[PDB]
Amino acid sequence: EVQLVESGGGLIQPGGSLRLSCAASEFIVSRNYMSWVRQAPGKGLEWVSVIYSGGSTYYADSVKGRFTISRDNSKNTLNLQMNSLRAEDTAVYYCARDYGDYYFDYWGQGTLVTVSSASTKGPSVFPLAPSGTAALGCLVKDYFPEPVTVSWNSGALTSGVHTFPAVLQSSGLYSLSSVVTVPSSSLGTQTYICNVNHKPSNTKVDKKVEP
């Protein structure tokens, strides 16, 4: 019932600015301690800022002078105004209710903020063709920024699929592979199509994988 929905994330250039929003459902953000906690990909948790139920605000030393926490009573919204964004600040940003400036009992799903000089580019999709049990896949290469969604046969093939987490290659772009293991006796019969979808660039690709 209760709910915290972040919004306002995306790709931003270094030095740029961004404003995060968090809609509350049962909690009145003006009567609560609200916090922002960020999480870099593959690292731990880091508290960012808090607003007291009476208006007092505090910030972690790494975002002082750049971030400003606020709220909006008419729309029951917590806000974070981020300025002078560095690389550094690339993380998933959560709004949590703060119980008494102590712990974080209710979180939102988070919004992803990417601070990079690279440009939004759609993925190039290549086939990993099969050569009992066989393995075939799609190489989803050179896209930016994450996320990207992969599925097989419009989602009608889910067993044996492994979509690997993306790796940032030295060019500054993301790349991953999605493999599926299948019986060798289904290579001549069944049609195998991976459904790549890259919303940040409005890109959708179907490539059929065949021997």
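The first residue of the sequence shown is number 1, and the count goes up from there.
How big is the unmodelled gap, if any, between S131 and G132 relative to the deposited sequence? Choose none, 1 to 3, 4 to 9, or 10 or more. 4 to 9 residues lack coordinates between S131 and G132.
Between the two ranges 181-189 and 35-43, the one averaging a larger CA B factor in the entry: In the deposited entry, the stretch with the higher C-alpha B-factor mean is 181-189.
Would you determine, from the values in the PDB entry, which of 190-198 and 11-19 has the greater average C-alpha temperature factor? Result: 190-198.
Which one of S49, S159, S70, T163 shows the top CA temperature factor in the record? In this record, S159 carries the highest C-alpha B-factor of the candidates.
Which has the highest CA B-factor per the PDB entry: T77, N83, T111, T114? Top of the list by C-alpha B-factor: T77.
Ranked by Cα temperature factor within the chain, is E88 in the lowest third, the middle third or the highest third? It falls in the top third of the chain.
According to the PDB entry, is the CA B factor of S56 in the bottom, middle or top third of its chain, that is, lowest, middle or highest? CA B-factor rank for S56: middle third.
Consider only the C-alpha atoms of the modelled residues in this chain, order them by B-factor as the entry records it, and name the third containing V150: lowest, middle or highest. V150: CA B-factor falls in the lowest third of its chain.
Compared with the other modelled residues in the chain, in which third is the CA B-factor of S119? Ranked within chain, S119 CA B lands in the highest tercile.
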